[PDB]
Amino acid sequence: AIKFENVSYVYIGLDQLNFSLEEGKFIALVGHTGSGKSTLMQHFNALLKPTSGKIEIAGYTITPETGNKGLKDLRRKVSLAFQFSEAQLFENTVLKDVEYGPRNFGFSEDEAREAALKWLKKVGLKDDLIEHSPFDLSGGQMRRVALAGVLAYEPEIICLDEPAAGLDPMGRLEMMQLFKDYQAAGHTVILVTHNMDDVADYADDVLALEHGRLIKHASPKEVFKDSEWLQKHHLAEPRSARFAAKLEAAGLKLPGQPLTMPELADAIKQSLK
Amino acid sequence: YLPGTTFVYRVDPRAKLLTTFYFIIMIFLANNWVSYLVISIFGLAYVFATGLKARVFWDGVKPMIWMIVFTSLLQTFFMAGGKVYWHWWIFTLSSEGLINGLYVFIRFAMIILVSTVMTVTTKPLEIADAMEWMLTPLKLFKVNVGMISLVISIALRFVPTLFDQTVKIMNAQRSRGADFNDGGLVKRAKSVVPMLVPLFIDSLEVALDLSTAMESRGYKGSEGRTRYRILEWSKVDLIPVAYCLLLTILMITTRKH
Amino acid sequence: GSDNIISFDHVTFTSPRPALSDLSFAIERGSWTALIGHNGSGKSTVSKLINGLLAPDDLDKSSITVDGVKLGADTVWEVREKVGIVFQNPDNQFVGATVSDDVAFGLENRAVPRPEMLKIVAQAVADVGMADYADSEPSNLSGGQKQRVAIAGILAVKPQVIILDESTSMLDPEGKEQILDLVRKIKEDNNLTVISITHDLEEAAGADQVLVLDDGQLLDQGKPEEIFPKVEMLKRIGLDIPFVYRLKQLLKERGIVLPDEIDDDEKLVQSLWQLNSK
């Protein structure tokens, strides 16, 4: 249960955060460009320790005076996947690069290899491509390996910066499906995307932030109930939501606000019936 | 760096750089009490003309005190003698060397002092094209200067981006589980060097993409260009010139001959 | 007529498999033609192939005849003048110290007098919409804004073809619409052909022509309302049909049929309203 009390980072600026994210649910952290998402990014595993308040994360405690000793346990419990992972590839062998994750948390060689193979299989890639150099991977494939290195050691909380930045829609859909399947196992994903349609499709808790402060924290069905609020706070809208607004501007009634594609289809089917 | 309204920020950066070079040659040239005081008063007059706070120069000078004090002590003890206050078990504790010792000290100080203003009055791009203008007479050689100026201007803005990419990959690797800073120098040979290659290849890819874009926008060499950003000599640009000339007089009427 | 023609061409990078093979197509004059397909196998190389950066492996069978000037090692720079490109990554393409210097880079390279350079760069920056950032440093600019400046650099030179090589891939789905609207308005005003090589099919949904690339070979060419209904082909190739056609498919599975002439939100709201009325 992630818990932030009076959390504020100074010297991008973050001030006076107060919230509680539960376990076993999707979390989407939406915010304006450079409005505090990147600063709240690194506090989830004490890359940048807070200058006030308290953070509670899976039984671990984070306070401004905590040192760098013993943070490996926290970084095991909570993992980060930074944006444009194609530049963080490290080892000479793809298998070695993926197993480099578990090798820093006491995992034995056999179990590290087994986890690496299992997670490459889950991300798919190819079975015969696990031995070539990571630099030889072709474009989007280079992404698919990197996430494995973050997802190898089954972190309890995984926090994702934009993973689908620059991927074809089929690849983005497959990646989001994989993340949702991982979340279904009992873990939590904290996904950050400007792309609002992904947030509308796959989320349960939405954390709307701007100007380095927290404003809204509620289910996606509630954050999109007032288009004037979204326009005022410079936050986009789901594509299905814009279609529903355009359709309602034509004088056609919709039974409830839909967010995803099947919801809009069912709503208009009910309306015509 | 620090902006302001003082007249120094109005004059041509090329004139600033030429005056700085002339001043450094004079400070390397003056070698007696009277000329040393001449250069000192000229430098302090220049500082007061800039109108900046003394702390702005003091804090900049602070990191560079080790080399100047070490050189001053080394050259003082190399020739000192004469009066002695106390005698230690080995060192004689000579005192007459100061007759030039601190002198050399203040020399380097003035050097840094001038360098200080040179890095606070103009943004780096201005210094870059001033360097290009100063090296323009090098065109008699086969090597051209326009391409060098362009690549310097490019690098002066990519370098912060490169460092940001380096700190980003540092944060990513730390989040993965790696340990870099508190592992000691023995663990640095297994932490930073194998990480070095991907950032280098990323920088090479960035340079290649920039070269491709520049060549696709019509970069037919660097000889037929017509510069957009230009700096012209103003009438106020005369005040550092005559100043310089005055020092020349006050350098030729008091030289040791 | 026909502006840019590539026919009987095939390229191998420097090399285990031909990326482009037997590609043959044409571009209409003053029309929005967009190339779509799976990543690699042609999309990433067409832009650098059109203006003679890359070269066909066999120059004997070359047929690049952009604007009637058959491309070759002798006459590359004429094509460079006649074709502009907006590249994918915006950060590592913003050459020059600041705005009003990046935008005037082409004019600086063309050896034109300075006052005319100032006039043209000011007018182009005003046209794009970066008037308030006429002297901002690139660091202050945030993402999509940079791309706008790049378009200005293409617009100042007065080109005849603008090639967007996945120019909207690294942007949020909001600024992408802004850049698309800007490009459409520029195309309407200056009367210049636009070729948009993008994987995102929102651009292709509004294009006049769309070309599908399978493995380096053209597979189908036509209007978006003529090809996108063939959803099985796009699914097998590895592409997902756009918003309006995906919605039409969902209603088709939901039990209600719609005409295939519908192409966007307009006339689709009309069809639904008429269906409810009728």
# chains A, B, ... in the order shown; residues from 1 in each chain; ligands from 1
call {"tool": "closest_atom_pairs", "arguments": {"of": "chain A", "to": "chain B", "cutoff": "9 Å", "atoms": "only C-alpha atoms", "output": "JSON lines"}}
result
{"residue": "A:42", "atom": "CA", "partner": "B:171", "partner_atom": "CA", "distance": 8.8}
{"residue": "A:45", "atom": "CA", "partner": "B:175", "partner_atom": "CA", "distance": 7.6}
{"residue": "A:47", "atom": "CA", "partner": "B:171", "partner_atom": "CA", "distance": 7.4}
{"residue": "A:72", "atom": "CA", "partner": "B:177", "partner_atom": "CA", "distance": 6.8}
{"residue": "A:75", "atom": "CA", "partner": "B:175", "partner_atom": "CA", "distance": 6.5}
{"residue": "A:76", "atom": "CA", "partner": "B:177", "partner_atom": "CA", "distance": 7.6}
{"residue": "A:78", "atom": "CA", "partner": "B:175", "partner_atom": "CA", "distance": 8.8}
{"residue": "A:79", "atom": "CA", "partner": "B:175", "partner_atom": "CA", "distance": 6.4}
{"residue": "A:80", "atom": "CA", "partner": "B:175", "partner_atom": "CA", "distance": 5.9}
{"residue": "A:81", "atom": "CA", "partner": "B:172", "partner_atom": "CA", "distance": 7.3}
{"residue": "A:82", "atom": "CA", "partner": "B:172", "partner_atom": "CA", "distance": 6.2}
{"residue": "A:85", "atom": "CA", "partner": "B:172", "partner_atom": "CA", "distance": 8.4}
{"residue": "A:87", "atom": "CA", "partner": "B:198", "partner_atom": "CA", "distance": 6.5}
{"residue": "A:88", "atom": "CA", "partner": "B:169", "partner_atom": "CA", "distance": 5.9}
{"residue": "A:89", "atom": "CA", "partner": "B:198", "partner_atom": "CA", "distance": 6.9}
{"residue": "A:90", "atom": "CA", "partner": "B:195", "partner_atom": "CA", "distance": 6.0}
{"residue": "A:91", "atom": "CA", "partner": "B:194", "partner_atom": "CA", "distance": 7.8}
{"residue": "A:100", "atom": "CA", "partner": "B:176", "partner_atom": "CA", "distance": 8.7}
{"residue": "A:101", "atom": "CA", "partner": "B:176", "partner_atom": "CA", "distance": 6.3}
{"residue": "A:102", "atom": "CA", "partner": "B:177", "partner_atom": "CA", "distance": 8.6}
{"residue": "A:103", "atom": "CA", "partner": "B:177", "partner_atom": "CA", "distance": 8.9}
{"residue": "A:104", "atom": "CA", "partner": "B:177", "partner_atom": "CA", "distance": 5.9}
{"residue": "A:105", "atom": "CA", "partner": "B:177", "partner_atom": "CA", "distance": 7.6}
{"residue": "A:135", "atom": "CA", "partner": "B:198", "partner_atom": "CA", "distance": 8.9}
{"residue": "A:149", "atom": "CA", "partner": "B:176", "partner_atom": "CA", "distance": 7.8}
{"residue": "A:150", "atom": "CA", "partner": "B:176", "partner_atom": "CA", "distance": 6.5}
call {"tool": "residues_around", "arguments": {"residues": "residue A:179", "least_positions_apart": "6", "cutoff": "10 Å", "atoms": "only C-alpha atoms", "output": "ChimeraX atom specification"}}
result
/A:26,123,151,158,160,173,188-189,191,202
call {"tool": "atom_distance", "arguments": {"atom1": "atom CA of residue B:81", "atom2": "atom CA of residue B:108"}}
result
23.2 Å
call {"tool": "select_by_dssp", "arguments": {"residues": "stretch 20-192 of chain C", "states": "strand (DSSP E or B)", "output": "list in words"}}
result
residues 20, 21, 22, 23, 24, 25, 26, 27, 28, 32, 33, 34, 35, 36, 37, 83, 84, 85, 86, 161, 162, 163, 164 and 165 of chain C
call {"tool": "write_last_selection", "arguments": {"atoms": "N, CA and C atoms", "output": "short mmCIF file (atom, residue, chain, number, x, y, z; two decimals), in the first residue's frame"}}
result
data_model
loop_
_atom_site.label_atom_id
_atom_site.label_comp_id
_atom_site.auth_asym_id
_atom_site.auth_seq_id
_atom_site.Cartn_x
_atom_site.Cartn_y
_atom_site.Cartn_z
N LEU C 20 14.11 -3.11 -49.22
CA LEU C 20 13.20 -2.75 -50.29
C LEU C 20 13.49 -3.63 -51.49
N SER C 21 12.43 -4.12 -52.14
CA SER C 21 12.59 -5.03 -53.27
C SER C 21 11.47 -4.78 -54.27
N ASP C 22 11.84 -4.42 -55.50
CA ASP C 22 10.90 -4.28 -56.61
C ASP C 22 9.79 -3.27 -56.30
N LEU C 23 10.12 -2.22 -55.56
CA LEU C 23 9.14 -1.20 -55.22
C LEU C 23 8.86 -0.32 -56.43
N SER C 24 7.58 -0.11 -56.73
CA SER C 24 7.19 0.70 -57.88
C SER C 24 5.90 1.44 -57.54
N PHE C 25 5.96 2.77 -57.53
CA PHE C 25 4.80 3.58 -57.20
C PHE C 25 4.98 4.97 -57.78
N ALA C 26 3.92 5.77 -57.67
CA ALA C 26 3.91 7.14 -58.15
C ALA C 26 3.21 8.03 -57.13
N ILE C 27 3.48 9.33 -57.22
CA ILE C 27 2.90 10.32 -56.32
C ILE C 27 2.16 11.35 -57.16
N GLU C 28 0.92 11.64 -56.78
CA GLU C 28 0.16 12.68 -57.45
C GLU C 28 0.68 14.06 -57.05
N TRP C 32 -2.00 14.62 -50.67
CA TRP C 32 -1.45 14.02 -49.46
C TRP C 32 -1.41 12.51 -49.66
N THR C 33 -0.20 11.98 -49.85
CA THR C 33 0.01 10.54 -50.00
C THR C 33 0.83 10.04 -48.82
N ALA C 34 0.32 9.01 -48.15
CA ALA C 34 0.92 8.49 -46.93
C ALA C 34 1.30 7.03 -47.11
N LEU C 35 2.52 6.68 -46.71
CA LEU C 35 3.00 5.31 -46.74
C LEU C 35 2.84 4.69 -45.36
N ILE C 36 2.24 3.50 -45.32
CA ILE C 36 2.03 2.78 -44.07
C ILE C 36 2.50 1.35 -44.24
N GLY C 37 2.80 0.72 -43.11
CA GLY C 37 3.25 -0.66 -43.11
C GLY C 37 3.85 -1.02 -41.77
N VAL C 83 13.11 19.08 -52.46
CA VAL C 83 12.47 18.18 -51.51
C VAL C 83 12.98 18.49 -50.11
N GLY C 84 12.07 18.68 -49.17
CA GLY C 84 12.42 18.87 -47.77
C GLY C 84 11.91 17.72 -46.94
N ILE C 85 12.59 17.45 -45.83
CA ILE C 85 12.27 16.33 -44.96
C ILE C 85 12.21 16.80 -43.51
N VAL C 86 11.19 16.35 -42.79
CA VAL C 86 11.08 16.51 -41.35
C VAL C 86 11.31 15.15 -40.72
N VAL C 161 8.02 19.37 -52.34
CA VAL C 161 7.60 18.15 -51.65
C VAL C 161 8.10 18.23 -50.22
N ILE C 162 7.21 17.95 -49.27
CA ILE C 162 7.56 17.87 -47.85
C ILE C 162 7.32 16.44 -47.40
N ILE C 163 8.37 15.78 -46.92
CA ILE C 163 8.30 14.39 -46.50
C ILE C 163 8.41 14.34 -44.99
N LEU C 164 7.34 13.91 -44.33
CA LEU C 164 7.31 13.76 -42.88
C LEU C 164 7.69 12.32 -42.55
N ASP C 165 8.95 12.09 -42.18
CA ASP C 165 9.44 10.75 -41.88
C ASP C 165 9.13 10.45 -40.41
#
call {"tool": "residues_around", "arguments": {"residues": "residue B:106", "least_positions_apart": "5", "cutoff": "12 Å", "atoms": "only C-alpha atoms", "output": "number ranges by chain"}}
result
B: 27-28, 30-31, 33, 36-37, 39-41, 43, 65, 68-69, 71-72, 98, 100-101, 111-113
call {"tool": "write_last_selection", "arguments": {"atoms": "N, CA and C atoms", "output": "short mmCIF file (atom, residue, chain, number, x, y, z; two decimals), in the first residue's frame"}}
result
data_model
loop_
_atom_site.label_atom_id
_atom_site.label_comp_id
_atom_site.auth_asym_id
_atom_site.auth_seq_id
_atom_site.Cartn_x
_atom_site.Cartn_y
_atom_site.Cartn_z
N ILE B 27 50.24 41.21 -18.77
CA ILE B 27 50.51 40.66 -17.45
C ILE B 27 51.64 39.64 -17.51
N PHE B 28 51.76 38.90 -18.61
CA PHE B 28 52.93 38.04 -18.79
C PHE B 28 54.19 38.86 -19.05
N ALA B 30 54.83 42.34 -17.83
CA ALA B 30 55.27 43.22 -16.75
C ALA B 30 56.06 42.43 -15.71
N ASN B 31 57.26 42.93 -15.38
CA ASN B 31 58.17 42.20 -14.50
C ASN B 31 58.87 43.11 -13.50
N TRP B 33 58.07 46.32 -10.12
CA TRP B 33 57.10 46.84 -9.16
C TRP B 33 56.16 47.86 -9.81
N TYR B 36 53.91 46.24 -12.37
CA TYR B 36 52.97 45.36 -11.68
C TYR B 36 51.83 46.17 -11.07
N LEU B 37 52.14 47.30 -10.43
CA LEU B 37 51.09 48.15 -9.89
C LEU B 37 50.25 48.77 -11.00
N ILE B 39 49.48 47.33 -13.91
CA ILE B 39 48.54 46.32 -14.37
C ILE B 39 47.49 46.04 -13.31
N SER B 40 47.88 46.08 -12.03
CA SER B 40 46.92 45.85 -10.95
C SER B 40 45.85 46.93 -10.94
N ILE B 41 46.25 48.20 -11.03
CA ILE B 41 45.27 49.28 -10.99
C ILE B 41 44.40 49.25 -12.24
N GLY B 43 43.53 46.51 -13.92
CA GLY B 43 42.58 45.42 -13.74
C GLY B 43 41.48 45.75 -12.76
N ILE B 65 42.44 28.27 -6.27
CA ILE B 65 43.46 28.84 -5.40
C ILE B 65 44.61 27.85 -5.17
N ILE B 68 47.57 28.22 -7.82
CA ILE B 68 48.29 29.49 -7.72
C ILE B 68 49.13 29.53 -6.44
N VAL B 69 48.57 29.09 -5.31
CA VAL B 69 49.36 29.14 -4.07
C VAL B 69 50.51 28.14 -4.13
N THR B 71 52.15 27.08 -6.86
CA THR B 71 53.18 27.63 -7.74
C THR B 71 53.92 28.77 -7.06
N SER B 72 53.19 29.65 -6.36
CA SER B 72 53.84 30.76 -5.67
C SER B 72 54.82 30.26 -4.62
N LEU B 98 60.00 36.64 -1.06
CA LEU B 98 58.75 37.38 -1.22
C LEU B 98 58.92 38.60 -2.11
N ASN B 100 59.73 38.91 -4.87
CA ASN B 100 58.94 38.65 -6.06
C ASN B 100 57.82 37.64 -5.84
N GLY B 101 57.86 36.87 -4.75
CA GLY B 101 56.97 35.74 -4.57
C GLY B 101 55.50 36.08 -4.73
N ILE B 111 45.32 37.21 -13.91
CA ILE B 111 44.97 36.32 -15.01
C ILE B 111 43.56 35.78 -14.79
N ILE B 112 43.38 35.06 -13.68
CA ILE B 112 42.07 34.47 -13.40
C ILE B 112 41.02 35.57 -13.35
N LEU B 113 41.37 36.70 -12.73
CA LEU B 113 40.44 37.82 -12.65
C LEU B 113 39.92 38.18 -14.03
#
call {"tool": "closest_atom_pairs", "arguments": {"of": "chain C", "to": "chain B", "cutoff": "8 Å", "atoms": "only C-alpha atoms", "output": "CSV"}}
result
residue,atom,partner,partner_atom,distance
C:51,CA,B:216,CA,7.5
C:53,CA,B:216,CA,7.3
C:77,CA,B:218,CA,7.0
C:80,CA,B:218,CA,6.2
C:81,CA,B:218,CA,6.8
C:84,CA,B:217,CA,7.0
C:85,CA,B:216,CA,7.4
C:87,CA,B:213,CA,7.6
C:92,CA,B:206,CA,5.9
C:93,CA,B:210,CA,5.4
C:95,CA,B:154,CA,7.0
C:96,CA,B:154,CA,6.8
C:97,CA,B:153,CA,7.0
C:101,CA,B:228,CA,7.0
C:104,CA,B:228,CA,7.4
C:105,CA,B:217,CA,8.0
C:106,CA,B:217,CA,6.1
C:108,CA,B:226,CA,5.2
C:109,CA,B:225,CA,5.1
C:110,CA,B:225,CA,7.0
C:111,CA,B:226,CA,5.1
C:112,CA,B:226,CA,6.7
C:113,CA,B:226,CA,7.1
C:114,CA,B:228,CA,6.3
C:117,CA,B:228,CA,7.4
C:118,CA,B:228,CA,7.9
call {"tool": "interface_residues", "arguments": {"of": "chain C", "to": "chain A", "cutoff": "6 Å", "atoms": "only C-alpha atoms", "output": "NGL selection string"}}
result
:C and (169-170 or 172-173 or 269 or 276)
call {"tool": "write_last_selection", "arguments": {"atoms": "C-alpha atoms", "output": "mmCIF file, in the first residue's frame"}}
result
data_model
loop_
_atom_site.group_PDB
_atom_site.id
_atom_site.type_symbol
_atom_site.label_atom_id
_atom_site.label_comp_id
_atom_site.auth_asym_id
_atom_site.auth_seq_id
_atom_site.Cartn_x
_atom_site.Cartn_y
_atom_site.Cartn_z
ATOM 1 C CA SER C 169 5.808 9.439 -33.609
ATOM 2 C CA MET C 170 7.422 10.908 -30.467
ATOM 3 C CA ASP C 172 1.428 13.099 -27.391
ATOM 4 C CA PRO C 173 -1.868 12.397 -29.212
ATOM 5 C CA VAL C 269 -22.769 11.039 -36.665
ATOM 6 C CA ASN C 276 -32.146 6.351 -34.962
#
call {"tool": "closest_residue", "arguments": {"among": "A:22, A:97, A:226, A:198", "to": "residue A:4", "atoms": "only C-alpha atoms"}}
result
A:22
call {"tool": "select_by_dssp", "arguments": {"residues": "stretch 1-205 of chain B", "states": "alpha helix (DSSP H)", "output": "short mmCIF file (atom, residue, chain, number, x, y, z; two decimals) with C-alpha atoms, in the first residue's frame"}}
result
data_model
loop_
_atom_site.label_atom_id
_atom_site.label_comp_id
_atom_site.auth_asym_id
_atom_site.auth_seq_id
_atom_site.Cartn_x
_atom_site.Cartn_y
_atom_site.Cartn_z
CA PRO B 13 32.55 40.31 -27.75
CA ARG B 14 35.33 40.24 -30.37
CA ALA B 15 36.71 43.44 -28.84
CA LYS B 16 36.38 41.82 -25.40
CA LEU B 17 38.43 38.82 -26.52
CA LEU B 18 41.12 40.91 -28.23
CA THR B 19 41.42 43.14 -25.15
CA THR B 20 41.63 40.05 -22.94
CA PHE B 21 44.44 38.61 -25.06
CA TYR B 22 46.32 41.91 -24.98
CA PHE B 23 45.87 42.12 -21.20
CA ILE B 24 47.15 38.57 -20.68
CA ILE B 25 50.21 39.36 -22.81
CA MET B 26 50.85 42.52 -20.76
CA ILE B 27 50.51 40.66 -17.45
CA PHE B 28 52.93 38.04 -18.79
CA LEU B 29 55.19 40.95 -19.82
CA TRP B 33 57.10 46.84 -9.16
CA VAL B 34 55.89 49.90 -11.08
CA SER B 35 54.49 47.94 -14.03
CA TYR B 36 52.97 45.36 -11.68
CA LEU B 37 51.09 48.15 -9.89
CA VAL B 38 50.09 49.60 -13.28
CA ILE B 39 48.54 46.32 -14.37
CA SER B 40 46.92 45.85 -10.95
CA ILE B 41 45.27 49.28 -10.99
CA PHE B 42 44.16 48.77 -14.60
CA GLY B 43 42.58 45.42 -13.74
CA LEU B 44 40.80 46.76 -10.67
CA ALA B 45 39.59 49.76 -12.69
CA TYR B 46 38.19 47.32 -15.26
CA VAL B 47 36.48 45.36 -12.48
CA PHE B 48 34.94 48.51 -11.01
CA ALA B 49 33.83 49.51 -14.52
CA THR B 50 32.01 46.18 -14.79
CA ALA B 54 33.21 41.37 -5.47
CA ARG B 55 31.74 38.03 -4.38
CA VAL B 56 30.96 37.20 -8.03
CA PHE B 57 34.70 37.16 -8.72
CA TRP B 58 35.67 35.78 -5.30
CA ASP B 59 33.58 32.60 -5.52
CA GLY B 60 34.82 31.98 -9.06
CA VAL B 61 38.43 32.41 -7.94
CA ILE B 65 43.46 28.84 -5.40
CA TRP B 66 45.37 25.55 -4.99
CA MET B 67 47.43 25.81 -8.17
CA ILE B 68 48.29 29.49 -7.72
CA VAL B 69 49.36 29.14 -4.07
CA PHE B 70 51.36 25.98 -4.82
CA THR B 71 53.18 27.63 -7.74
CA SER B 72 53.84 30.76 -5.67
CA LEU B 73 55.30 28.73 -2.79
CA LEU B 74 57.39 26.57 -5.13
CA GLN B 75 58.90 29.55 -6.93
CA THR B 76 59.41 31.47 -3.67
CA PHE B 77 61.32 28.66 -1.96
CA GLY B 101 56.97 35.74 -4.57
CA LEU B 102 53.57 37.27 -3.89
CA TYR B 103 54.20 39.29 -7.06
CA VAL B 104 53.93 36.15 -9.18
CA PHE B 105 50.92 35.24 -7.05
CA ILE B 106 49.02 38.40 -7.95
CA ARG B 107 49.99 37.82 -11.59
CA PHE B 108 48.03 34.58 -11.78
CA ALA B 109 45.27 36.22 -9.75
CA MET B 110 44.92 39.00 -12.31
CA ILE B 111 44.97 36.32 -15.01
CA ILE B 112 42.07 34.47 -13.40
CA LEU B 113 40.44 37.82 -12.65
CA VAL B 114 40.40 38.73 -16.33
CA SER B 115 39.32 35.20 -17.24
CA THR B 116 36.52 35.61 -14.71
CA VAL B 117 34.98 38.60 -16.47
CA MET B 118 35.46 36.86 -19.82
CA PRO B 124 29.10 30.94 -24.83
CA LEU B 125 27.77 31.36 -28.38
CA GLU B 126 29.17 34.90 -28.52
CA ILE B 127 32.56 33.61 -27.37
CA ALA B 128 32.33 30.91 -30.05
CA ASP B 129 31.82 33.26 -32.98
CA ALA B 130 34.37 35.69 -31.52
CA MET B 131 36.84 32.80 -31.57
CA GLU B 132 35.84 32.16 -35.18
CA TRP B 133 36.47 35.80 -36.09
CA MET B 134 39.84 35.78 -34.32
CA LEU B 135 40.88 32.58 -36.14
CA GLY B 146 33.66 27.87 -40.77
CA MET B 147 33.09 24.13 -40.34
CA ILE B 148 35.03 24.22 -37.07
CA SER B 149 32.89 27.10 -35.82
CA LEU B 150 29.68 25.30 -36.79
CA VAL B 151 30.66 22.05 -35.09
CA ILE B 152 31.79 23.97 -31.99
CA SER B 153 28.42 25.75 -31.85
CA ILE B 154 26.70 22.37 -32.21
CA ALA B 155 28.81 20.74 -29.48
CA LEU B 156 28.33 23.64 -27.05
CA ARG B 157 24.61 22.78 -26.99
CA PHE B 158 24.76 18.99 -27.34
CA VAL B 159 27.22 18.57 -24.43
CA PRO B 160 24.60 19.39 -21.74
CA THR B 161 22.24 17.03 -23.57
CA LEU B 162 24.92 14.33 -23.52
CA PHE B 163 25.43 14.81 -19.78
CA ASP B 164 21.67 14.66 -19.23
CA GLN B 165 21.56 11.38 -21.16
CA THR B 166 24.44 10.10 -19.01
CA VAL B 167 22.65 10.95 -15.76
CA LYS B 168 19.45 9.41 -17.16
CA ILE B 169 21.16 6.10 -17.93
CA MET B 170 22.81 6.35 -14.49
CA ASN B 171 19.40 6.62 -12.84
CA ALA B 172 18.04 3.76 -14.96
CA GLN B 173 20.97 1.46 -14.11
CA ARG B 174 20.68 2.35 -10.42
CA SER B 175 16.95 1.56 -10.52
CA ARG B 176 17.76 -1.81 -12.09
CA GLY B 184 35.05 2.12 -4.21
CA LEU B 185 37.59 2.67 -6.97
CA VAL B 186 38.10 -1.09 -7.28
CA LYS B 187 34.46 -1.57 -8.33
CA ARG B 188 34.56 1.32 -10.82
CA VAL B 193 33.60 1.22 -18.21
CA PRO B 194 31.17 -1.49 -19.46
CA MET B 195 28.36 1.08 -19.28
CA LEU B 196 30.46 3.55 -21.30
CA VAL B 197 29.95 1.92 -24.71
CA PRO B 198 26.14 2.36 -25.11
CA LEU B 199 26.24 6.09 -24.31
CA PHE B 200 29.11 6.56 -26.76
CA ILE B 201 27.22 4.75 -29.52
CA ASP B 202 24.09 6.78 -28.73
CA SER B 203 26.09 10.01 -29.04
CA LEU B 204 27.56 8.75 -32.32
CA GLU B 205 24.04 8.01 -33.59
#
call {"tool": "residues_around", "arguments": {"residues": "residue A:92", "least_positions_apart": "4", "cutoff": "8 Å", "atoms": "only C-alpha atoms", "output": "list in words"}}
result
residues 96, 97, 133 and 134 of chain A
call {"tool": "write_last_selection", "arguments": {"atoms": "C-alpha atoms", "output": "mmCIF file, in the first residue's frame"}}
result
data_model
loop_
_atom_site.group_PDB
_atom_site.id
_atom_site.type_symbol
_atom_site.label_atom_id
_atom_site.label_comp_id
_atom_site.auth_asym_id
_atom_site.auth_seq_id
_atom_site.Cartn_x
_atom_site.Cartn_y
_atom_site.Cartn_z
ATOM 1 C CA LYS A 96 23.184 -11.992 -19.920
ATOM 2 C CA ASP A 97 21.568 -8.546 -20.068
ATOM 3 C CA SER A 133 24.008 -9.115 -29.230
ATOM 4 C CA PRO A 134 21.396 -6.633 -27.940
#
call {"tool": "residues_around", "arguments": {"residues": "residue C:263", "least_positions_apart": "4", "cutoff": "12 Å", "atoms": "only C-alpha atoms", "output": "VMD selection string"}}
result
chain C and resid 202 204 to 208 223 to 229 241 to 248 258 to 259 267 to 271
call {"tool": "atom_distance", "arguments": {"atom1": "atom CA of residue C:216", "atom2": "atom CA of residue C:237"}}
result
12.2 Å
call {"tool": "residues_around", "arguments": {"residues": "residue C:14", "least_positions_apart": "6", "cutoff": "12 Å", "atoms": "only C-alpha atoms", "output": "number ranges by chain"}}
result
C: 54-57
call {"tool": "atom_distance", "arguments": {"atom1": "atom CA of residue B:246", "atom2": "atom CA of residue B:121"}}
result
22.6 Å
call {"tool": "closest_residue", "arguments": {"among": "A:51, A:161, A:32, A:211", "to": "residue A:11", "atoms": "only C-alpha atoms"}}
result
A:51
